[PDB]
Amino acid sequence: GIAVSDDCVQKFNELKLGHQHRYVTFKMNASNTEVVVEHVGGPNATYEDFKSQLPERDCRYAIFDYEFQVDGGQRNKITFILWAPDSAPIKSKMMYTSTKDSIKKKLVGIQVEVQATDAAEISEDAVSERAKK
């Protein structure tokens, strides 16, 4: 069973507790034995900084601290994202789907979950719609 590295939780806690990162992405390590931190986005990194780097033919996990306004007040939603494009190899989708429960349960405090399989499903409009639901 693929493990989740401690650093994943550390970076997540930095985002969740310290508001230190706008987002963190995660990927399987070279040996497919552990989930590891891939990218760390600074507090002022944009939704596009995150989305533009997702691989067309591989899967990723991510946490995005999604900020929006409701009636002029600020809100945030810790959003977990499974990026699993249809064009990824079946092996890869298999690995990331079957490990999804393990990583989510270690990242305590997720408020919103999104599973995206194509460009429209990972659009900011899609995440935003799900975050203020």
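Residue positions are given as counts along the sequence shown, with the first one as 1.
Asker: Between 64-72 and 40-48, which has the higher average C-alpha B-factor in the PDB entry?
Answerer: Taking the mean C-alpha B-factor of 64-72 and of 40-48, the larger value falls to 64-72.
Asker: Of the two stretches 51-59 and 26-34, which shows the higher Cα B-factor on average in the entry?
Answerer: On average, C-alpha B-factors are higher across 26-34.
Asker: Is the Cα B-factor recorded for residue 108 in the lowest, middle or highest third of its chain?
Answerer: Within its chain, residue 108 is a highest-third residue by C-alpha B-factor, going by the deposited values.
Asker: Residue 122's Cα B-factor: lowest, middle or highest third of the chain?
Answerer: It falls in the bottom third of the chain.
Asker: Of the three thirds of its chain by CA temperature factor, lowest, middle or highest, which one includes residue 97?
Answerer: For residue 97, whose C-alpha B-factor we compare with every modelled residue in the chain, the answer is the middle third.
Asker: Compare the C-alpha B factor of residue 16 with those of the other modelled residues in its chain, then answer lowest, middle or highest third.
Answerer: Answer is middle: the recorded C-alpha B-factor places it there.
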